[PDB]
Amino acid sequence: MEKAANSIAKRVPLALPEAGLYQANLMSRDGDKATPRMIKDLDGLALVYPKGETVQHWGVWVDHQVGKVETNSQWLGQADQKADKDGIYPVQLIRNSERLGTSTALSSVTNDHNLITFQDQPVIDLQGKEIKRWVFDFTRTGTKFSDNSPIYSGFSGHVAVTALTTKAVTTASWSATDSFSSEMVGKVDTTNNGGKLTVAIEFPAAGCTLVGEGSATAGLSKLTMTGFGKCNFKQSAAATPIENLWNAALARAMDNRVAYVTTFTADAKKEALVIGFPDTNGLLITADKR
Ligand SMILES: [Cl-]
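Reading the values: the criteria
Residues numbered from 1 in each chain as written, not as in the entry; some residues may be left out. Heavy atoms only, no water. Residues with missing side-chain atoms left out of burial classes, pairs and counts. Domains from an automatic or database assignment. Contact = heavy atoms within 4.5 Å. Buried area = accessible area lost by both parts, 1.4 Å probe. Salt bridge = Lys/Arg side-chain N within 4 Å of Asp/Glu carboxyl O. Buried < 20%, exposed > 50% of the residue type's maximum accessible area, 1.4 Å probe, protein only. Core = buried A, V, L, I, M, F, W, Y, C linked by side-chain atoms within 4.5 Å. Helix = DSSP H or I, 4+ residues; strand = E, 2+ residues; numbered from the N terminus. Polar contact = N/O pair within 3.5 Å; in protein donor to acceptor, adjacent residues only side chain to side chain. Disulfide = S-S within 2.5 Å.

- In terms of determination method and resolution, the entry is listed under X-ray crystallography at 2.3 Å.

Structural data, given as structure tokens:
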């Protein structure tokens, strides 16, 4: 009876997890009524941005490699908060997935289905243990590439999220898993001076450094970015399809652009910086302490 459920879903802004940083796990499911199981090594990040007065954004990013082939995906969600003229609360979902090997593939698909989040869902974690989690249903933005090859082997289109413990941003030096000066993002420098937060992001290809100011906080700290006038964000060939998407958004960005930053610890007790630019074609910067 999904159509009836979606009909009600439309009448209220989309239910999302509390604003913050999440771990995402791509799941497999065997049947429309079977319990989804997380898939090894198909983990990612998800970010729910704070609720706007008009819109709430969120995103999910996943990077996976097999052989010499990378498959990178981002899902970008926009949930309207105010009502539409038909009394509806629009939801928009976009998947961009790129497959980079000897050949190249990009698949981008939007869908405006409303009932795409599920709260307290049973999920078989990586140990075979059933647990409960928010679940995204990204089935309608597709799971295959055009040659009938699946984007991620076993992926059902369902995505579990788990809240990550985030520290506040400290004064430190970071690196977006990079490096010559040809990459999209390079050094990232953060200063936390008694709560006042400044973040400097070098964009080596664009030839500029963006600087953001904000206030330190547990979870997401809101930044206002400047520096865009000094940058050349163009469509490359040196960039991946998704990077060119990020470039297209950054080329239209202007001073006082909003971003959110937080830190957390990954596996080997190694801290990571995450900066997310809402409504910027999925721009997500992750950086290792250095
Ligand atoms: Cl489900």
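### Overview of the domain arrangement of the chain
Interfaces are often sized by the accessible area lost when the parts come together.
Turning to step 1, where the next piece is worked out: The domains assigned to the chain are domain 1 (2-164) and domain 2 (167-289).
Turning to step 2, where the next piece is worked out: Computed over C-alpha atoms, the centres of domain 1 and domain 2 are 23 Å apart.
Turning to step 3, where the next piece is worked out: At the interface, 21 residues of domain 1 touch 18 residues of domain 2.
Turning to step 4, where the next piece is worked out: Broken down residue by residue, the surface that domain 1 buries against domain 2 is led by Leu21, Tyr49 and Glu98, which jointly contribute 29%.
Turning to step 5, where the next piece is worked out: Taken together, the connections running from domain 1 to domain 2 amount to 0 salt bridges.

### So, the pattern of salt bridges
Turning to step 1, where the next piece is worked out: Enumeration over the complete set of coordinates arrives at 6 salt bridges.
Turning to step 2, where the next piece is worked out: Measuring nitrogen to oxygen at the nearest pair gives 2.9 Å for the salt bridge that ties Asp41 to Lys40.
Turning to step 3, where the next piece is worked out: Overall, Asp41 belongs to the partly exposed group, its relative accessible area being 47%.
Turning to step 4, where the next piece is worked out: Measuring nitrogen to oxygen at the nearest pair gives 3.0 Å for the salt bridge that ties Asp137 to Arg140.
Turning to step 5, where the next piece is worked out: Judged by its relative accessible area of 7%, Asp137 falls in the buried class.
Turning to step 6, where the next piece is worked out: Relative accessible area serves as the criterion here: at 34%, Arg140 is assigned to the partly exposed category.

### Regarding the nonpolar core
Turning to step 1, where the next piece is worked out: In terms of nonpolar packing, the biggest core is built from 31 residues, with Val188, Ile201, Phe203, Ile275 and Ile285 touching the most fellow members.
Turning to step 2, where the next piece is worked out: Contributing elements (two or more residues each) for this core: β11 (172-175), β13 (196-203), β14 (208-215), β15 (221-226), α2 (241-251), β16 (257-265), β17 (271-276) and β18 (284-289).
Turning to step 3, where the next piece is worked out: Considering every element that reaches this core, the biggest residue donor is β13, with 4 residues.
Turning to step 4, where the next piece is worked out: Discounting chain neighbours no more than four positions away, the residues touching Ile285 are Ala176, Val185, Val188, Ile201, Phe203, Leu273, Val274, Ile275 and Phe277.

### A few points about the environment of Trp61
Turning to step 1, where the next piece is worked out: Mapped onto the secondary structure, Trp61 falls in strand β3 (residues 55-66).
Turning to step 2, where the next piece is worked out: Note on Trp61: relative accessible area 7%, which makes it buried.
Turning to step 3, where the next piece is worked out: Along the sequence, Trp61 and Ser97 sit 36 residues apart, while their C-alpha atoms lie 9.7 Å from each other.
Turning to step 4, where the next piece is worked out: Contact partners of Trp61, with chain neighbours within four places excluded, come to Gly44, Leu45, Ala46, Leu47, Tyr49, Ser73, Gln74, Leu76, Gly282 and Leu284.
Turning to step 5, where the next piece is worked out: One polar contact links the side chain of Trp61 to the main-chain carbonyl oxygen of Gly282, over a distance of 2.8 Å.

### A short note on the side chain of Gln74
Turning to step 1, where the next piece is worked out: Considering the arrangement of structural elements, one finds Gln74 in strand β4 (residues 69-80).
Turning to step 2, where the next piece is worked out: You can call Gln74 buried: its relative accessible area is 1%.
Turning to step 3, where the next piece is worked out: Here the side chain of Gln74 touches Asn96 through a polar contact of 2.8 Å, side chain to side chain.
Turning to step 4, where the next piece is worked out: There is a polar contact of 2.9 Å between the side chain of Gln74 and the backbone oxygen of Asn281.

### Observations regarding the state of the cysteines
Simply put, disulfide is the name for a covalent bond between the sulfur atoms of two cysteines.
Turning to step 1, where the next piece is worked out: Scanning the entire structure with this criterion turns up 1 disulfide.
Turning to step 2, where the next piece is worked out: Across a sulfur-sulfur distance of 2.0 Å, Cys208 and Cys231 are joined as a disulfide pair. With the S-S dihedral at roughly 90°, the linkage between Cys208 and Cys231 falls on the right-handed side. Separated by 23 residues along the polypeptide, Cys208 in strand β14 and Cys231 in the loop between β15 and α2 bring together distant segments of the chain. With respect to burial, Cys208 and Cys231 carry one shared label: buried.

### Describing α2
Turning to step 1, where the next piece is worked out: The buried fraction of α2 amounts to 9 of the 11 residues, a majority that puts the element mostly inside the structure.
Turning to step 2, where the next piece is worked out: Where α2 is concerned, the buried positions are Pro241, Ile242, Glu243, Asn244, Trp246, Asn247, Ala248, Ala249 and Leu250.
Turning to step 3, where the next piece is worked out: At its buried positions, α2 is contacted by β4, β5 (91-100), β6 (104-111), β13 and β18.

### Section: the environment of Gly31
Turning to step 1, where the next piece is worked out: In this fold, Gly31 is placed in the loop between β1 (20-28) and β2 (37-48).
Turning to step 2, where the next piece is worked out: For the pair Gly31 and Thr104, spaced 73 residues apart in sequence, the C-alpha separation works out to 31 Å.

### Some details on the side chain of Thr262
Turning to step 1, where the next piece is worked out: Along the chain, the position of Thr262 falls in strand β16.
Turning to step 2, where the next piece is worked out: Here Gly219 takes part through its backbone oxygen, which lies 3.3 Å from a polar atom of the side chain of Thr262.
Turning to step 3, where the next piece is worked out: With near-sequence residues (within four places) excluded, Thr262 lies in contact with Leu21, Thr166, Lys167, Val169, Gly219, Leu220, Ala272, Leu273 and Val274.

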